[PDB]
Each structure stands twice: as structure tokens, then as C-alpha cells.
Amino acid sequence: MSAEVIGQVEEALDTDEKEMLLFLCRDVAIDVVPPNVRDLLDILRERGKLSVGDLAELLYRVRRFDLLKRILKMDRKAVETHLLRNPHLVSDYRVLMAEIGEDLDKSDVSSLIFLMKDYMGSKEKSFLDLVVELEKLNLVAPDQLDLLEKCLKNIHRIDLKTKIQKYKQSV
């Protein structure tokens, strides 16, 4: 592990991947809100939470397996064994939110925002931005998914409701 690795990771990610990476690490960078991905990785390494396994898990969650192979010289099974061995840096709640967001198009996110405006008081935002807003209002949480579940059912997205139910049953 070095700083060249952090630089390569920062320069080899696109905008959506960076936005997702910032969202997944929201539970480890709570006191500080990192402005960009490089500063987030610098803070994680400063706090000792950015080892080789931690960065491998991060790249695994953003599904950048090419960077896992090229930069960290790891395959899928290696990162899976690391996740089975040690406690995770990113909780299953963040992974579930990111997965549901990845399976939602602009129209679905727009319709979902339209339903949420009853429970919460202006640009085209992604699903993760909506999750962040709901978190800022204590409307969604790992132990509080009934509202998001109902809204996903109401937009005829039963598969994501089943993802939420699977998460609820795994705990």
C-alpha cells in the first residue's frame, strides 16, 4: 500500500463510480465530510482504515474488478475471501442502497422523488442523493426501510422490494 495506489485509483474512476464510493463510505467518514474521493482515501489511510483489503473491498463494491486485478493484483475470489474473513468496511445497508440505485432509471427515480415529497419538505438527483436526503431527515435507516419499501412497491418495482425484504431477513 502506497500513495501511488491512491492516485491511480482516483485517476481511474469515473464520476458515477466516485459518487458511489463517497456514498458507501458515509458510515466511516461521519465527523468529516470528504469533498472528493482522493481526500476520502487520504482520510481513511490517515485513520488507518485504508489497508490493501479495505481498498480492495471499496473497489469490489464499485464493481471495478479491472482495477482490482491491475492495481492490487487480486481476483474476485480473493476479495470475497477477505470479506468472509474480516468485518466489512461498508455495511450491507449501503450496498443495498447502491444496488437499488443501480437498478433504477431516471424515470423511476423521478417518480420515487414525487412520492417522497409528502413526507419531506430541485434538480435531477440520483437515487443515492435521495437516500442521503432521507437520512438527513431520519426517514430511512437499516432498521427503518418501511417507507422506502412502500414507495418502491408503489412505483411497481417489486424486485427492489424483494431486495429490501431479503436484507431485512438476513439480519
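Note that residue numbering follows the sequence shown and begins at 1.
*Asks:* Our gap detector needs a label for residue 121 to residue 122. Which class matches the unmodelled residues of the deposited sequence there: none, 1 to 3, 4 to 9, or 10 or more?
*Replies:* The entry has 4 to 9 unmodelled residues between residue 121 and residue 122.
*Asks:* Averaging only over Cα atoms, indicate whether 80 to 88 or 96 to 104 has the higher B-factor in the PDB entry.
*Replies:* Comparing averages over the C-alpha atoms only gives 80 to 88.
*Asks:* Going by the mean C-alpha B-factor recorded in the entry, which is higher: 130 to 138 or 25 to 33?
*Replies:* That would be 25 to 33.
*Asks:* Please pick out which of 62, 113, 41, 145 has the largest Cα B-factor as recorded in the entry.
*Replies:* In the PDB entry, the greatest C-alpha B-factor among 62, 113, 41, 145 is found at 41.
*Asks:* Is the Cα B-factor recorded for residue 50 in the lowest, middle or highest third of its chain?
*Replies:* Highest third - that is where residue 50 ends up once the chain's C-alpha B-factors are sorted.
*Asks:* Split the chain's modelled residues into thirds by Cα B-factor; is residue 19 in the lowest, middle or highest one?
*Replies:* For residue 19, the deposited C-alpha B-factor lands in the lowest third.
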